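Protein chains in written order, with our numbering: chain L, 36 to 287; chain W, 22 to 900; chain H, -3 to 91; chain B, 39 to 86; chain C, 531 to 579; chain G, 1330 to 1377; chain S, 117 to 213; chain P, 2 to 49; chain R, 4 to 100; chain X, 157 to 205.
The beta carbon of each residue, even a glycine, is placed where N, CA and C say it ideally should be.
Report on the structure given below.
This is the structure:
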């Protein structure tokens, strides 16, 4: 109890707290006592656990041993993750935005199980879920397909005017080696839009690339910059790193 | 891609930012393809590992620096960074036998190494393997013949520090060696076996006279020193003798320097008789006070002194008769030999840590680094630590260039002002240090330093030095906007701890012992004088367990007492299940020495054996016991004759009962020869001879496939008995004897196995399993029929060693916890609280559910590999 | 698999040491000079005159345009090789 | 199999004095297998 | 030599023959990353150029 | 100088020839390589 | 780009004889500590050197060279020699080369 | 292979698809220390 | 090689006894003396050099045994090559049948 | 091999101390002397070899 709390703390942690109470030498003596008591306690439990070894059962606390690879083990990845989260969750203060508990609200909620340790999931799908659960919480909508419908028209990045239905059409229809504007069954007066869908262009992106932005002066220029760039500062976008990252192409 | 863009378009409010910034900020990699799959806990592990690496390299500002100066993060990169090297290090405490190696051991002596050199060839017949063992036994005889000549204790309190010894060999000429005895592992007067260094040969040529050799420590370097006599002849018909002091020392690579020379003889030492020298360090005016002195029944009628600088130049002291009068409890007599300690500071300093701290945001911590006095003044050396952390108000908090305070220049900011008895002297770091600790690292809790290099404070004027040199205060002052001062009181005073004598003796039948405060410690051993008759019969008689039961004489005058104690009572033992047990002389009130401490047991008598020495010059003795209830009464042990064994059986008028022994039997008096000790000073050599040499030869014959001789060498240690239990032929494996008190100060499975020798049992059993599976595979590859039945009987013998395959439970009391719930700080505090309670025997366990905490222990994966290996071999046999 | 995540965390630590990849300018104040104009003796005399002035602290710089003369300094090719090497390793990791 | 199980302690009740015998003291080296029984017993009758 | 070139020689000698976890220790006698963004140089004339 | 250092004294200058680092490494080096290459060893003083 | 921690001009004999001993393949902690302690022994010996006497080259002591003779702290003594180049000595301050 | 069956019967979903269907009762196992299986049963009142 | 190493280590005892016997004076009479004051360090140096020669001999012994073990491993590889080639030629004979 | 090299270098110290001890005379009395004037170059040659 007394020296048990001072075991995970460092010397600078012990000296950091109770500055008026503890001196500089007493903190060092207390640190040495706590570390040696931690060593002797773990030697004591290793001495009681090595008596249950099946090569010594003829010469004889055998409560519970688990298999290698079980989630209950002290050498499991669950135990490593518990050690790691316990040493990690106090590095930044709880006010800070760089704290582990604030930037990831799924780790304190996270359950340790044999299923979580064994089952394989797609890491990309987990990244997608991690972004969806933040974006839908920002917009307040709880539905998923309603959010992709309101994402179908939006222009607020260089990657945003896309339709997941249209990308599904384009991928499935190009996987048949099928070419839309080269049919016998088409309107020849609608070859342009059909070829734009053939190259693969969302209809909102077609409405972007359709605009007569050249020779456009007055307040309509301000309206067009407000529409085609809703969220960015244009003065922040002028640099080359912003134009590389905003449209997701390399700066070279 | 689209969601990653729209995130910082909306959440981060910075669409300029990189996509890799979402992996730096959000700890989930985004540009991964759709085919890379992971488990969920491994993705959380990789995310928190990325978080630790980015906050340990400075890419995450605002981190707690004190949490990063921690043994988890100080050992991050070597051990804790990866799952593999976390598991492989954490298993090294619980399963050392997976990583033990009978070939490579830390602390392995030169004899074992030069035997392993000779067994490293391929053809290992009986002749090579016997000649190597006889050469090893020769070297073992030489290091066991060593009688300790003289010594030097490090510090002044002999409960602490170190003790170097100088041991000579039983040859002509003599080969002087040296050990080191670490008193920091010496509790209750009982050295742990790792508190001893090995012997190590002093390679220089040393030719003393009158057995005058003393080691001495000068700034943590062993110096050897002796007086060499040279027989000469005068120009006339007479013949003189020139005496010469010599002084060598170790170098860093273990070599020994060339000895120096100093002319001694001035008309008096040639006329002395039976004389001897004295050498010791000095904490004041650092030198080596060398002193050779005439002997009588009383010490030192005449003496002559000499100082040795770090320049190693002579400096003749004109008076040591005033000096040795303060030392003469360490100087020898005509019949005693006394190991010396360093000379004391004539004045010792003390510092009162507080009067008034002033402003409490900065702790204002000084630390008195060095402190001496010169011939006329008192010098000091100081460093100064402020806090200098966050929430200095108001804020920006943008940038610092190293209405508000002075964020800029910290010139002349801190200043020490010692007060003398009437005057004062204010120095300042603007007058000292051009090195200027900047407030940037502005990130919180970063503390600073202010070193004062060798502040020589002049001058104590008109003070009685040192009678009433209690001088009033010593004060520093950090003067800045919002900074303060705190002051300290020197408590300096001359001291003299009088006559804490430490000495060497030899009993007339062979043994030696170092006799200090209330204890004796056997230095040498007489096993080498009695192996000589056993070893003529061969290796089979050397490694027999009757050789390990060989006696050894008792050190000096003293008695053995073996005490049987009652099982635990809540009433008469207090609440503590542990105990400690003392003895004294005893003119009552003269203090009593702790000779043993231990944890008494429930439902079982505990038998504790002792050796109570006779130091005090009806030679009485008395014994006590201390419980949580109270302390016990004394029990007399006298003798009427000079017979050594007799110490009257349950002696006079006092009843002879502590209230905790609960027997009519106390005695244990007789058998002067105790058995040989494998926890004493000579422990490593005995453990090598009786365990590590058969282990090395057995693992060396398992390699290169000499199985029928490897099984013989494994049968020197373990041999199966008619009962179900095995018969252990190495004594401390039959009597499980810890010989390493502090194993976790280094990364080695050997020390952990030395703390609990059951891992040596499991190492031996795993080597025998390796042997049996290797013999079975050699018989299996000879694919004929009778040799296949041979293979089956070998694998069935290996399964007989292993036994019943342990069924791994899966239906368990393991709930599926939250990671927040699994990593609570209370969950480790309560764990170590309960184990630290039960280890001291604070009371009984509640009865006995959670001995491991949250995470259950697992089986050894190597042994389970043996199970699956034998099952596959025998399945292929049966088909 | 876990050793591939180990590989990714090591290469990300190396990228953390290097930092931000320096964008090589191409639109520049570099005119296209004549080789007669590029190799004038006055063009090195004035260069070493100005640097020998500022090294002795003869006065302040005018403020600070041409510290290298006519030819601009270049990045270290070995370090740019580390950039491309880490980028290729991490591209193979992400696929 | 019977000799190995009664020499290793897996058969309780064995006569210990019969196990302290030169047939069983030299069990593992010589007498355990047919090959190293025959090859040792022939060494007296055919040393050449 | 003692404070820079000997750890450099041992570190580049352990990078060869692939003793990485000891090579990083010998490189950590000279350079070691700090809590601030700047590195911490443990050889004095590299801290004081 | 009587505490150990040497210096060549010419026209208006002095130049320290030797050093006393070797008399004070001896206590630091017993603790090992980690105490030798520590930056506190590099801050070690030297007489004027 | 062209520095080599193995090969340096002006590299002392102590560094060379340490690099000899670290040129094997098996570099455990024991080899790599014994080589460092032997290096530190040689470093101690070249740092113990007190200068006995000297000889200046020219007559103007602002120019020329100065040879020195330094003895070791052993018995017998091992005399060594340096050279102090005054052509790199401005303001009474020798450069380290 | 029988321990996996008993484990999947207590904590998994076996017998598939419906359990609890012997006179509104149920018997579920509970193993301990690797060498015993103890039982505990369920019942209910008559709603619906 | 092992006998040579043991001869080269069992020799410093008697080489030390030589220097022990040299310490007594041998010129007697009026002129007295003749001891060899450096004989014992010469004996310890001969012991060190001779132990160095012995450990170099046993290092060469270990090197020969390891070279022979690698030779046997190469023979095992060549044996398994020819032994698989027999099985391949036998299957090829069965295909020809 | 490395231990043999270190034994073959840690030996000239003591071989030099031998020649140091030889410099003192050993024939005393009326006839005086017996020093070994070439002992120190023999020691330095043994050290070099």
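So what does DSSP say about residue i, is it helix, strand or coil?
{"i": "residue 19/R", "result": "helix"}
{"i": "residue 903/W", "result": "Beyond the ends of chain W as shown, which are 22 and 900, falls residue 903/W; an answer cannot be given."}
{"i": "residue 247/W", "result": "strand"}
{"i": "residue 4/P", "result": "helix"}
{"i": "residue 4/R", "result": "coil"}
{"i": "residue 11/R", "result": "helix"}
{"i": "residue 202/S", "result": "helix"}
{"i": "residue 45/R", "result": "helix"}
{"i": "residue 712/W", "result": "helix"}
{"i": "residue 323/W", "result": "strand"}
What is the C-beta distance between residue i and residue j, in whole angstroms, given that I count them as a contact (C-beta under 8 Å)?
{"i": "residue 194/W", "j": "residue 43/R", "result": "7 Å"}
{"i": "residue 780/W", "j": "residue 117/W", "result": "5 Å"}
{"i": "residue 723/W", "j": "residue 586/W", "result": "Not quite, the Cβ-Cβ distance comes to about 46 Å (not below 8 Å), so this is no contact."}
{"i": "residue 601/W", "j": "residue 647/W", "result": "5 Å"}
Among all the DSSP beta bridges, which residues are the ones paired with residue i?
{"i": "residue 739/W", "result": "749/W"}
{"i": "residue 299/W", "result": "312/W"}
{"i": "residue 615/W", "result": "603/W"}
{"i": "residue 212/W", "result": "207/W"}
Count the other C-beta atoms from every protein chain shown that fall within 10 angstroms of the C-beta of residue i, then say buried if there are 16 or more, exposed otherwise.
{"i": "residue 78/L", "result": "buried"}
{"i": "residue 78/B", "result": "exposed"}
{"i": "residue 591/W", "result": "exposed"}
{"i": "residue 415/W", "result": "exposed"}
{"i": "residue 187/W", "result": "buried"}
{"i": "residue 123/W", "result": "buried"}
{"i": "residue 133/W", "result": "buried"}
Assuming contact is defined by CB atoms lying nearer than 8 Å, are residue i and residue j in contact in what I supplied?
{"i": "residue 170/W", "j": "residue 184/W", "result": "no"}
{"i": "residue 620/W", "j": "residue 665/W", "result": "no"}
{"i": "residue 690/W", "j": "residue 603/W", "result": "no"}
{"i": "residue 48/L", "j": "residue 771/W", "result": "no"}
{"i": "residue 154/W", "j": "residue 560/W", "result": "yes"}
{"i": "residue 103/L", "j": "residue 880/W", "result": "yes"}
{"i": "residue 167/L", "j": "residue 24/W", "result": "yes"}
{"i": "residue 808/W", "j": "residue 778/W", "result": "no"}
{"i": "residue 1376/G", "j": "residue 1330/G", "result": "yes"}
Run the proximity test for residue i: is its beta-carbon closer than 7 Å to any non-hydrogen atom belonging to the ligand HEM?
{"i": "residue 41/W", "result": "The model depicted lacks the ligand HEM and carries no ligand whatsoever."}
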